[PDB]
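*Asks:* Quick one: this structure, given as structure tokens, is what I'll be asking you about.
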Amino acid sequence: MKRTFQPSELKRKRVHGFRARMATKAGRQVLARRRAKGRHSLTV
Amino acid sequence: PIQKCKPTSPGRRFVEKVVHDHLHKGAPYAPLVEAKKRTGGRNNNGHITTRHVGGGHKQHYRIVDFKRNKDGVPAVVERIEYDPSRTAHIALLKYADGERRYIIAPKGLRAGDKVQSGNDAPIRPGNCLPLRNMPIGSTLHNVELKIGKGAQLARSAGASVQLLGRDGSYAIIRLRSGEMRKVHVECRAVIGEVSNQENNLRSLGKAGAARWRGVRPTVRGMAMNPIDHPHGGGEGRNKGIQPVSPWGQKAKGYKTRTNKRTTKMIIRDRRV
RNA sequence: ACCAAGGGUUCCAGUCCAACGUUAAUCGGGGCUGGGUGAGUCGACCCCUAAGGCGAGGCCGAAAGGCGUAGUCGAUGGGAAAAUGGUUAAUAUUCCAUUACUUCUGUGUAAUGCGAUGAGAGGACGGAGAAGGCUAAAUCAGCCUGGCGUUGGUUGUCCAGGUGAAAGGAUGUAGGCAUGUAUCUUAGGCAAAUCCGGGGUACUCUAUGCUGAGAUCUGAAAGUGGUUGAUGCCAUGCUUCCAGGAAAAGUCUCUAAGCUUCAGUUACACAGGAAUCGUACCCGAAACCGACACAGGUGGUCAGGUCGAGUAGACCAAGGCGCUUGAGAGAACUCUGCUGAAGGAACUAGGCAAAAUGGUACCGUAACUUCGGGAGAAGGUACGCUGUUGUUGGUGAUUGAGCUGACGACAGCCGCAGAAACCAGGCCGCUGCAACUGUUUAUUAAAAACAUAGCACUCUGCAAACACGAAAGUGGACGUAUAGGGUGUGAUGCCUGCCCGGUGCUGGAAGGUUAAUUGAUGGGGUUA
RNA sequence: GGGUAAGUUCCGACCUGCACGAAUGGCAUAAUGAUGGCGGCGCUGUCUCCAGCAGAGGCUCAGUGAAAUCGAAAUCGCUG
RNA sequence: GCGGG
RNA sequence: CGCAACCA
Ligand SMILES: [Mg+2]
Ligand SMILES: [Mg+2]
Ligand SMILES: [Mg+2]
Ligand SMILES: [Mg+2]
Ligand SMILES: [Mg+2]
Ligand SMILES: [Mg+2]
Ligand SMILES: [Mg+2]
Ligand SMILES: [Mg+2]
Ligand SMILES: [Mg+2]
Ligand SMILES: [Mg+2]
Ligand SMILES: [Mg+2]
Ligand SMILES: [Mg+2]
Ligand SMILES: [Mg+2]
Ligand SMILES: [Mg+2]
Ligand SMILES: [Mg+2]
Ligand SMILES: [Mg+2]
Ligand SMILES: [Mg+2]
Ligand SMILES: [Mg+2]
Ligand SMILES: [Mg+2]
Ligand SMILES: [Mg+2]
Ligand SMILES: [Mg+2]
Ligand SMILES: [Mg+2]
Ligand SMILES: [Mg+2]
Ligand SMILES: [Mg+2]
Ligand SMILES: [Mg+2]
Ligand SMILES: [Mg+2]
Ligand SMILES: [Mg+2]
Ligand SMILES: [Mg+2]
Ligand SMILES: [Mg+2]
Ligand SMILES: [Mg+2]
Ligand SMILES: [Mg+2]
Ligand SMILES: [Mg+2]
Ligand SMILES: [Mg+2]
Ligand SMILES: [Mg+2]
Ligand SMILES: [Mg+2]
Ligand SMILES: [Mg+2]
Ligand SMILES: [Mg+2]
Ligand SMILES: [Mg+2]
């Protein structure tokens, strides 16, 4: 059985990384939320 | 003419191809070719805006001279080539000053013929003249609408218009539709008929031959569910509705032209 | 056996056995303590661009924001160069040995026109099909070394092992492509050009050039010949067909501006440089995705022997393993197999499942047909080993020796059986549906459902109809009525009757009715 | 009417079409189909009717060691 | 509430 | 008999 994850590290960074989240307004809100909660890792 | 294949397979029994002998066998003229990518029928937003488009053979684009703005200088036809983007054949012209161009090939044209442009050109198939200087009754193609824009009407494989006559400052012509239109006498046209003219006797014979040309299959609206098409639904076959498009517009006889800017150029309608 | 992705120390050594390991463990991919990844040539970075993204100005939008020009990113594609042996417990095209190659700087020596953000060439590219010439590889013979066999024989027409060194450098062959050359000229190439393109002549076609495998030479105890022979090289070639088959830089030609005896350019010698990052280990896997040391999934590369058409199949090579609970017993019953008297579908909803057929050559084959088919229709005969006698194909030492491929007859011998095991079509008659190849309910439905080539109706004259968007704009289409969109039917043959009253659609326009707007009149309220 | 010893299925006709019918096409049609129905030849453990044998379990010994369920139990038959 | 016949 | 008109 082929499963859903199928990792690729370039695609991980290009969809979810720091610069992706910083390039939009809703991503900057994700980052503000995660800094207010105190997460030890901001992004993937 | 038209060749029929032997029925050695079920897929070859109904293949009828148009074969011409005078066509060039070789590569196109490289300074006049560019790259054309496929679209899948999708726009800016990435949405499908034309259904049944996708796939096909990789195709270049031959840059064709529709304006014909080298007046006085005569040319000689070098060869006639197959063009993948249109239904007509094209011709490679070599002007007397050395330049090379492509044009839509007229019907009788072969390698070695002379063509010219301008309001001084002899009345010969392949010559581009203003409608002001063309005898009444002529058969024409590659006709301009706006002055300097290039040919827009009667460009496909075997088309032609008929110059019915000039009055005031407008020529009156009859299109392949049957419509009677008027055009400004300062617009250009080419003498003759378009080349291929036997295109429509071709039979593909098999479903993959349509996919070679970038056409994807059509699903009948009758064959869907009510959430996809106004024809969807039902136990068994049924079409208890007046035919409409996927977006609700009537499909049998309802007219859709809504352009009040141009109704004065239309002289007679095609259904009158 | 080896790469990419993914993982992240699992790699190697010493030491320990609680937990972890479906049992014990002295062992381990477990715990603890140390060690281990060496590059101008491999890769990444770097130069170049595809789809796509972002986008100074700009256009659009209550705000938030959307799109897009110049640009700038983005490989999965284009762009310099290294081979053969040895060495570590663990790295090696990286270290060492020998022999190379590429590209930059300096300092010099001789010559003299160099020069783009411009123009041109090139890079530059499809599917299929073969024929030839090679090489890798395999195999036999010769040659060197060793042997003389627990049991008949084995000093030979015996046995075993070994024995064919690369990149690079010099030469230039088979094959492939284009007719080439001086002079005069020139409505073109964003302006110029000595260059590309177009014309005028004269001389040429066993002439000019270009490219390009291999072999030979060199590197360099035995170390030589044959046969077979690529999926590799010539080959980004040749033939053929229609569905007509990326871009940009590196590179080459030419001048513009710009200095102008300087700079730049190019020929050589000497002297130096080529940074940074990755490199261990796992790959049909116990280290990746599946909660597990999970019978699943996971792109690409290599891949020997006998027989064989074969990368199928049986048995082996190199290499790697016996799959982390065992020991006994040999009950019913369950699973997976093998054989079975006489009968042969009587079983069952149903021949479900099993049994059966099976290769090569030759003989032979019905209705029907769209003339291709049906058809491997159906059915039949031969096939092993030994000997003798015939034709032929390839290669070719000294015309043709040696090795090798295909086909015949005769004669004999053995068995129940010669296609020997593995491998390897069951077939025929009547009939409904759908013409056919194809698609579909990931995980109870593969079909008569969907699609299809062909047929018809209708819309659409181009700033097209149509669709997406709030708009800007985008697709249709760099298309133009033999084109494009919607709708029904569904190859082909013969065909497709009657009804316009209902609802739609198309046309018509004299009358009736009817909105905003306009406000003629009439009535009232207030008081001089 | 045919096929079987015997045929609610099959094939061929009849027409009394509850309630066929001509591009939501009508009637056929070579070839094709892991498509629906029916009949044959071969072959058989499908069956009459099961027997023997081989491997893996079952069972016994040693080691490790689950599951759903569960108000509590001192948890028999028959007739009411 | 407008025109009918 | 057609067109247009009520929100107890
Ligand atoms: Mg369509
Ligand atoms: Mg449905
Ligand atoms: Mg449904
Ligand atoms: Mg609806
Ligand atoms: Mg029904
Ligand atoms: Mg280890
Ligand atoms: Mg243990
Ligand atoms: Mg360890
Ligand atoms: Mg770097
Ligand atoms: Mg943008
Ligand atoms: Mg801006
Ligand atoms: Mg870039
Ligand atoms: Mg790459
Ligand atoms: Mg190692
Ligand atoms: Mg090819
Ligand atoms: Mg002896
Ligand atoms: Mg090399
Ligand atoms: Mg390694
Ligand atoms: Mg295991
Ligand atoms: Mg596994
Ligand atoms: Mg029996
Ligand atoms: Mg018997
Ligand atoms: Mg029975
Ligand atoms: Mg019975
Ligand atoms: Mg069966
Ligand atoms: Mg069987
Ligand atoms: Mg079908
Ligand atoms: Mg599927
Ligand atoms: Mg399913
Ligand atoms: Mg299924
Ligand atoms: Mg249908
Ligand atoms: Mg039909
Ligand atoms: Mg009809
Ligand atoms: Mg029966
Ligand atoms: Mg019907
Ligand atoms: Mg009908
Ligand atoms: Mg099929
Ligand atoms: Mg026990």
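Just remember, in the structure tokens the first chain shown is A, the second B, etc., residues are 1-based per chain, and ligands are 1-based in the order shown.
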Could you list the protein, DNA and RNA residues that have any atom within 8 Å of ligand 21, counting only C-alpha atoms (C1' of nucleotides) and all ligand atoms, and write them as a list in words?
*Replies:* residues 340 and 341 of chain C; 45 of chain D
*Asks:* Tell me which protein, DNA and RNA residues are within 12 Å of range 48-55 of chain B, counting only C-alpha atoms (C1' of nucleotides), leaving out same-chain ones fewer than 4 positions away, and put them as number ranges by chain.
*Replies:* B: 37-44, 59, 208-219, 246; C: 243, 466-469, 474-477, 484-486
*Asks:* Give the residue list for ligand 29 at 10 Å, counting only C-alpha atoms (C1' of nucleotides) and all ligand atoms, as a ChimeraX atom specification, sorted by chain and then by residue number.
*Replies:* /C:441-446
*Asks:* Give me the residues near residue 20 in chain B as a list in words, where near means some atom within 12 Å (using only C-alpha atoms (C1' of nucleotides)) and where sequence neighbours in that chain fewer than 4 positions away do not count.
*Replies:*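 In the requested form, the answer reads residues 1, 2, 3, 24, 25, 80, 81, 82, 89, 195, 196, 197, 198 and 199 of chain B.
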*Asks:* If you keep N, CA and C atoms, can you produce a file of those selected residues as a PDB file, in the first residue's frame?
*Replies:*
```pdb
ATOM      1  N   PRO B   1      -5.285  14.061 -53.610  1.00  0.00           N
ATOM      2  CA  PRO B   1      -6.715  13.886 -53.351  1.00  0.00           C
ATOM      3  C   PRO B   1      -7.021  13.159 -52.045  1.00  0.00           C
ATOM      4  N   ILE B   2      -7.808  12.088 -52.118  1.00  0.00           N
ATOM      5  CA  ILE B   2      -8.312  11.383 -50.943  1.00  0.00           C
ATOM      6  C   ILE B   2      -7.931   9.915 -51.063  1.00  0.00           C
ATOM      7  N   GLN B   3      -7.215   9.408 -50.067  1.00  0.00           N
ATOM      8  CA  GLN B   3      -6.839   8.006 -50.007  1.00  0.00           C
ATOM      9  C   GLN B   3      -7.564   7.312 -48.865  1.00  0.00           C
ATOM     10  N   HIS B  24       6.178  20.470 -49.091  1.00  0.00           N
ATOM     11  CA  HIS B  24       7.588  20.344 -48.775  1.00  0.00           C
ATOM     12  C   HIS B  24       7.805  19.208 -47.787  1.00  0.00           C
ATOM     13  N   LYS B  25       8.907  18.490 -47.960  1.00  0.00           N
ATOM     14  CA  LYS B  25       9.314  17.428 -47.044  1.00  0.00           C
ATOM     15  C   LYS B  25      10.640  17.867 -46.443  1.00  0.00           C
ATOM     16  N   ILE B  80       5.803  25.471 -50.826  1.00  0.00           N
ATOM     17  CA  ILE B  80       4.578  25.411 -50.038  1.00  0.00           C
ATOM     18  C   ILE B  80       4.779  24.403 -48.918  1.00  0.00           C
ATOM     19  N   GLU B  81       4.439  24.803 -47.698  1.00  0.00           N
ATOM     20  CA  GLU B  81       4.658  24.004 -46.507  1.00  0.00           C
ATOM     21  C   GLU B  81       3.357  23.731 -45.768  1.00  0.00           C
ATOM     22  N   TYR B  82       3.389  22.631 -45.023  1.00  0.00           N
ATOM     23  CA  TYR B  82       2.367  22.266 -44.058  1.00  0.00           C
ATOM     24  C   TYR B  82       2.527  23.094 -42.785  1.00  0.00           C
ATOM     25  N   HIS B  89      -2.482  25.749 -46.093  1.00  0.00           N
ATOM     26  CA  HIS B  89      -1.048  25.634 -46.323  1.00  0.00           C
ATOM     27  C   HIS B  89      -0.419  27.022 -46.359  1.00  0.00           C
ATOM     28  N   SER B 195      -5.949  27.797 -49.993  1.00  0.00           N
ATOM     29  CA  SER B 195      -5.264  26.669 -50.604  1.00  0.00           C
ATOM     30  C   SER B 195      -5.961  25.319 -50.499  1.00  0.00           C
ATOM     31  N   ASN B 196      -6.099  24.782 -49.285  1.00  0.00           N
ATOM     32  CA  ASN B 196      -6.288  23.342 -49.117  1.00  0.00           C
ATOM     33  C   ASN B 196      -7.572  22.859 -49.780  1.00  0.00           C
ATOM     34  N   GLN B 197      -8.717  23.271 -49.246  1.00  0.00           N
ATOM     35  CA  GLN B 197     -10.021  23.167 -49.896  1.00  0.00           C
ATOM     36  C   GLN B 197     -10.573  21.747 -49.952  1.00  0.00           C
ATOM     37  N   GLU B 198      -9.760  20.748 -49.632  1.00  0.00           N
ATOM     38  CA  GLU B 198     -10.239  19.377 -49.518  1.00  0.00           C
ATOM     39  C   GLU B 198     -10.159  18.876 -48.093  1.00  0.00           C
ATOM     40  N   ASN B 199      -9.822  19.761 -47.159  1.00  0.00           N
ATOM     41  CA  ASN B 199      -9.735  19.432 -45.747  1.00  0.00           C
ATOM     42  C   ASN B 199     -10.963  18.679 -45.253  1.00  0.00           C
TER      43      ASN B 199
END
```
*Asks:* Which neighbours of residue 1 in chain E fall inside 12 Å, counting only C-alpha atoms (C1' of nucleotides), when residues of the same chain fewer than 3 positions from it are skipped, and could you give them as JSON, numbers by chain?
*Replies:* {"C": [513], "F": [3, 4, 5]}
*Asks:* Find the distance between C1' of residue 48 in chain D and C1' of residue 348 in chain C and write it in Å to one decimal.
*Replies:*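 Taking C1' of residue 48 in chain D and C1' of residue 348 in chain C, their separation equals 14.9 Å.
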*Asks:* Output as a list in words all residues of chain A that backbone DSSP marks as alpha helix (DSSP H).
*Replies:*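 Alpha helix (DSSP H) members of chain A, listed: residues 9, 10, 11, 12, 13, 14, 15, 16, 18, 19, 20, 21, 22, 25, 26, 27, 28, 29, 30, 31, 32, 33, 34, 35, 36 and 37 of chain A.
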*Asks:* Grab the residues selected above and save them as an mmCIF file, in the first residue's frame with N, CA, C and O atoms.
*Replies:*
```
data_model
loop_
_atom_site.group_PDB
_atom_site.id
_atom_site.type_symbol
_atom_site.label_atom_id
_atom_site.label_comp_id
_atom_site.auth_asym_id
_atom_site.auth_seq_id
_atom_site.Cartn_x
_atom_site.Cartn_y
_atom_site.Cartn_z
ATOM 1 N N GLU A 9 11.982 17.216 1.060
ATOM 2 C CA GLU A 9 12.366 18.313 1.936
ATOM 3 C C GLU A 9 12.277 19.674 1.273
ATOM 4 O O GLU A 9 11.987 20.656 1.954
ATOM 5 N N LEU A 10 12.515 19.757 -0.031
ATOM 6 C CA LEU A 10 12.349 21.017 -0.737
ATOM 7 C C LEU A 10 10.892 21.462 -0.734
ATOM 8 O O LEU A 10 10.593 22.641 -0.506
ATOM 9 N N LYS A 11 9.971 20.532 -0.977
ATOM 10 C CA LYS A 11 8.558 20.879 -0.985
ATOM 11 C C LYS A 11 8.056 21.232 0.407
ATOM 12 O O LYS A 11 7.214 22.125 0.550
ATOM 13 N N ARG A 12 8.570 20.559 1.438
ATOM 14 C CA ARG A 12 8.253 20.927 2.811
ATOM 15 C C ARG A 12 8.559 22.395 3.084
ATOM 16 O O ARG A 12 7.711 23.126 3.605
ATOM 17 N N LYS A 13 9.766 22.841 2.740
ATOM 18 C CA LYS A 13 10.168 24.220 2.981
ATOM 19 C C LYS A 13 9.403 25.204 2.115
ATOM 20 O O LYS A 13 9.030 26.278 2.591
ATOM 21 N N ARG A 14 9.153 24.859 0.855
ATOM 22 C CA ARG A 14 8.445 25.767 -0.030
ATOM 23 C C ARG A 14 6.964 25.892 0.285
ATOM 24 O O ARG A 14 6.346 26.869 -0.137
ATOM 25 N N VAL A 15 6.367 24.929 0.977
ATOM 26 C CA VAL A 15 4.960 25.077 1.324
ATOM 27 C C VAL A 15 4.827 25.668 2.719
ATOM 28 O O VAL A 15 3.971 26.523 2.951
ATOM 29 N N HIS A 16 5.667 25.232 3.658
ATOM 30 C CA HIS A 16 5.439 25.533 5.064
ATOM 31 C C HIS A 16 6.524 26.347 5.744
ATOM 32 O O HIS A 16 6.331 26.726 6.900
ATOM 33 N N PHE A 18 9.680 29.215 6.780
ATOM 34 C CA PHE A 18 9.656 30.542 7.384
ATOM 35 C C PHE A 18 9.342 31.632 6.363
ATOM 36 O O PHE A 18 8.505 32.504 6.618
ATOM 37 N N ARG A 19 10.005 31.615 5.214
ATOM 38 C CA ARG A 19 9.790 32.656 4.220
ATOM 39 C C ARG A 19 8.421 32.566 3.564
ATOM 40 O O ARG A 19 7.834 33.601 3.236
ATOM 41 N N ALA A 20 7.898 31.356 3.383
ATOM 42 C CA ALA A 20 6.532 31.194 2.905
ATOM 43 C C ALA A 20 5.534 31.851 3.844
ATOM 44 O O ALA A 20 4.653 32.589 3.397
ATOM 45 N N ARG A 21 5.643 31.586 5.146
ATOM 46 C CA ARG A 21 4.728 32.198 6.100
ATOM 47 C C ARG A 21 4.925 33.704 6.190
ATOM 48 O O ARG A 21 3.949 34.436 6.353
ATOM 49 N N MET A 22 6.157 34.187 6.063
ATOM 50 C CA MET A 22 6.409 35.621 6.108
ATOM 51 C C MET A 22 5.988 36.352 4.841
ATOM 52 O O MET A 22 5.919 37.585 4.861
ATOM 53 N N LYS A 25 0.023 37.739 4.736
ATOM 54 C CA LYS A 25 -0.524 38.346 5.946
ATOM 55 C C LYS A 25 -1.044 37.302 6.931
ATOM 56 O O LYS A 25 -0.766 37.383 8.136
ATOM 57 N N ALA A 26 -1.793 36.312 6.440
ATOM 58 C CA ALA A 26 -2.265 35.217 7.276
ATOM 59 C C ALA A 26 -1.136 34.346 7.815
ATOM 60 O O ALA A 26 -1.273 33.790 8.909
ATOM 61 N N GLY A 27 -0.012 34.255 7.118
ATOM 62 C CA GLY A 27 1.133 33.535 7.635
ATOM 63 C C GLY A 27 1.847 34.285 8.736
ATOM 64 O O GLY A 27 2.320 33.690 9.708
ATOM 65 N N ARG A 28 1.923 35.605 8.595
ATOM 66 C CA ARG A 28 2.427 36.431 9.677
ATOM 67 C C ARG A 28 1.527 36.364 10.900
ATOM 68 O O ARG A 28 2.026 36.429 12.028
ATOM 69 N N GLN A 29 0.225 36.171 10.711
ATOM 70 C CA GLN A 29 -0.637 35.907 11.854
ATOM 71 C C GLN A 29 -0.434 34.525 12.462
ATOM 72 O O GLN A 29 -0.535 34.382 13.684
ATOM 73 N N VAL A 30 -0.180 33.500 11.647
ATOM 74 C CA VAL A 30 0.217 32.202 12.194
ATOM 75 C C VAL A 30 1.444 32.357 13.083
ATOM 76 O O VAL A 30 1.506 31.811 14.192
ATOM 77 N N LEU A 31 2.433 33.116 12.615
ATOM 78 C CA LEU A 31 3.656 33.304 13.389
ATOM 79 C C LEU A 31 3.420 34.100 14.667
ATOM 80 O O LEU A 31 4.005 33.783 15.708
ATOM 81 N N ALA A 32 2.576 35.128 14.617
ATOM 82 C CA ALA A 32 2.244 35.860 15.833
ATOM 83 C C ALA A 32 1.538 34.969 16.849
ATOM 84 O O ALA A 32 1.846 35.015 18.046
ATOM 85 N N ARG A 33 0.590 34.152 16.392
ATOM 86 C CA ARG A 33 -0.078 33.200 17.271
ATOM 87 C C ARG A 33 0.918 32.261 17.932
ATOM 88 O O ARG A 33 0.872 32.047 19.148
ATOM 89 N N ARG A 34 1.813 31.671 17.140
ATOM 90 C CA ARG A 34 2.744 30.683 17.664
ATOM 91 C C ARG A 34 3.810 31.290 18.558
ATOM 92 O O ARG A 34 4.385 30.575 19.377
ATOM 93 N N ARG A 35 4.099 32.579 18.412
ATOM 94 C CA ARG A 35 4.968 33.242 19.373
ATOM 95 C C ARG A 35 4.232 33.609 20.653
ATOM 96 O O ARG A 35 4.833 33.582 21.729
ATOM 97 N N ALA A 36 2.948 33.962 20.567
ATOM 98 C CA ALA A 36 2.177 34.228 21.775
ATOM 99 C C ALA A 36 1.967 32.972 22.602
ATOM 100 O O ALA A 36 1.959 33.047 23.832
ATOM 101 N N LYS A 37 1.798 31.816 21.960
ATOM 102 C CA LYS A 37 1.635 30.573 22.703
ATOM 103 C C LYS A 37 2.938 30.061 23.302
ATOM 104 O O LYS A 37 2.899 29.259 24.235
#
```
*Asks:* Using only C-alpha atoms (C1' of nucleotides) and all ligand atoms, find each residue with an atom at most 9 Å away from ligand 38 and format the answer as a PyMOL selection string.
*Replies:* chain D and resi 61-64
*Asks:* Produce as a ChimeraX atom specification the set of residues near ligand 25, where near means within 10 Å with only C-alpha atoms (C1' of nucleotides) and all ligand atoms considered.
*Replies:* /C:351-354
*Asks:* Using the selection just defined, write its residues with N, CA and C atoms (P, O5', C5', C4', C3', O3' and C1' of nucleotides) as a PDB file, in the first residue's frame.
*Replies:*
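part.pdb written:
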```
ATOM      1  P     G C 351     -24.531 -26.547 -15.178  1.00  0.00           P
ATOM      2  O5'   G C 351     -23.047 -26.765 -14.654  1.00  0.00           O
ATOM      3  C5'   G C 351     -21.923 -26.165 -15.292  1.00  0.00           C
ATOM      4  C4'   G C 351     -20.676 -26.263 -14.443  1.00  0.00           C
ATOM      5  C3'   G C 351     -19.427 -25.639 -15.054  1.00  0.00           C
ATOM      6  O3'   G C 351     -18.657 -24.938 -14.077  1.00  0.00           O
ATOM      7  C1'   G C 351     -19.101 -27.996 -14.723  1.00  0.00           C
ATOM      8  P     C C 352     -18.399 -23.359 -14.253  1.00  0.00           P
ATOM      9  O5'   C C 352     -17.529 -22.942 -12.994  1.00  0.00           O
ATOM     10  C5'   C C 352     -17.682 -21.665 -12.398  1.00  0.00           C
ATOM     11  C4'   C C 352     -17.500 -21.719 -10.903  1.00  0.00           C
ATOM     12  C3'   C C 352     -16.156 -22.228 -10.411  1.00  0.00           C
ATOM     13  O3'   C C 352     -15.153 -21.227 -10.407  1.00  0.00           O
ATOM     14  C1'   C C 352     -17.894 -23.295  -9.223  1.00  0.00           C
ATOM     15  P     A C 353     -13.699 -21.506 -11.013  1.00  0.00           P
ATOM     16  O5'   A C 353     -13.091 -22.656 -10.105  1.00  0.00           O
ATOM     17  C5'   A C 353     -12.691 -22.426  -8.765  1.00  0.00           C
ATOM     18  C4'   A C 353     -12.408 -23.725  -8.063  1.00  0.00           C
ATOM     19  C3'   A C 353     -11.356 -24.603  -8.720  1.00  0.00           C
ATOM     20  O3'   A C 353     -10.040 -24.235  -8.337  1.00  0.00           O
ATOM     21  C1'   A C 353     -13.286 -25.885  -8.313  1.00  0.00           C
ATOM     22  P     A C 354      -8.751 -24.783  -9.114  1.00  0.00           P
ATOM     23  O5'   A C 354      -8.659 -26.298  -8.636  1.00  0.00           O
ATOM     24  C5'   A C 354      -7.733 -27.214  -9.186  1.00  0.00           C
ATOM     25  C4'   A C 354      -8.340 -28.585  -9.256  1.00  0.00           C
ATOM     26  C3'   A C 354      -7.909 -29.437 -10.438  1.00  0.00           C
ATOM     27  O3'   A C 354      -6.727 -30.163 -10.162  1.00  0.00           O
ATOM     28  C1'   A C 354     -10.266 -29.396 -10.314  1.00  0.00           C
TER      29        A C 354
END
```
*Asks:* Per DSSP on the backbone, what are the strand (DSSP E) residues of range 10-126 of chain B, as a PyMOL selection string?
*Replies:* chain B and resi 16-18+33-36+59-62+75-81+90-95+100-104+114-115
*Asks:* Counting only C-alpha atoms (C1' of nucleotides) and all ligand atoms, what are the residues, protein, DNA or RNA alike, that approach ligand 2 to within 7 Å? I want them as a JSON list (two decimals) with N, CA and C atoms, in the first residue's frame.
*Replies:*
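The result, written out as pocket_11.json:
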```
[["chain", "number", "residue", "atom", "x", "y", "z"],
["B", 223, "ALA", "N", -26.03, 12.60, -19.02],
["B", 223, "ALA", "CA", -25.36, 11.48, -18.38],
["B", 223, "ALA", "C", -24.81, 11.81, -17.00],
["B", 224, "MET", "N", -25.16, 12.96, -16.44],
["B", 224, "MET", "CA", -24.66, 13.41, -15.15],
["B", 224, "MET", "C", -25.78, 13.37, -14.11],
["B", 225, "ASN", "N", -25.47, 13.85, -12.92],
["B", 225, "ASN", "CA", -26.37, 14.01, -11.80],
["B", 225, "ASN", "C", -26.89, 15.44, -11.74]]
```
*Asks:* Ranking C:160, C:92, C:371, C:12 by minimum distance to ligand 18 and counting only C-alpha atoms (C1' of nucleotides) and all ligand atoms, which one comes first?
*Replies:*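 Closest candidate: C:92.
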*Asks:* Would you mind listing the residues within 8 Å of ligand 32, counting only C-alpha atoms (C1' of nucleotides) and all ligand atoms, as a PDB file with N, CA, C and O atoms (P, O5', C5', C4', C3', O3' and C1' of nucleotides), in the first residue's frame?
*Replies:*
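For reference, selection10.pdb as written:
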```
ATOM      1  P     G C 490     -27.800   5.904 -29.858  1.00  0.00           P
ATOM      2  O5'   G C 490     -26.509   5.762 -30.769  1.00  0.00           O
ATOM      3  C5'   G C 490     -26.593   5.525 -32.171  1.00  0.00           C
ATOM      4  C4'   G C 490     -25.271   5.760 -32.861  1.00  0.00           C
ATOM      5  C3'   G C 490     -24.224   4.678 -32.640  1.00  0.00           C
ATOM      6  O3'   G C 490     -23.349   4.658 -33.768  1.00  0.00           O
ATOM      7  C1'   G C 490     -23.417   6.709 -31.789  1.00  0.00           C
ATOM      8  P     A C 491     -23.383   3.476 -34.837  1.00  0.00           P
ATOM      9  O5'   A C 491     -22.392   3.951 -35.988  1.00  0.00           O
ATOM     10  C5'   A C 491     -21.237   4.727 -35.710  1.00  0.00           C
ATOM     11  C4'   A C 491     -19.993   4.207 -36.398  1.00  0.00           C
ATOM     12  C3'   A C 491     -20.053   3.945 -37.893  1.00  0.00           C
ATOM     13  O3'   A C 491     -19.955   5.126 -38.669  1.00  0.00           O
ATOM     14  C1'   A C 491     -18.921   2.170 -36.819  1.00  0.00           C
ATOM     15  P     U C 492     -20.826   5.322 -40.001  1.00  0.00           P
ATOM     16  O5'   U C 492     -20.882   3.882 -40.674  1.00  0.00           O
ATOM     17  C5'   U C 492     -19.957   3.481 -41.675  1.00  0.00           C
ATOM     18  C4'   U C 492     -20.202   2.054 -42.100  1.00  0.00           C
ATOM     19  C3'   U C 492     -21.485   1.795 -42.871  1.00  0.00           C
ATOM     20  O3'   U C 492     -21.366   2.091 -44.247  1.00  0.00           O
ATOM     21  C1'   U C 492     -21.265   0.182 -41.163  1.00  0.00           C
TER      22        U C 492
END
```
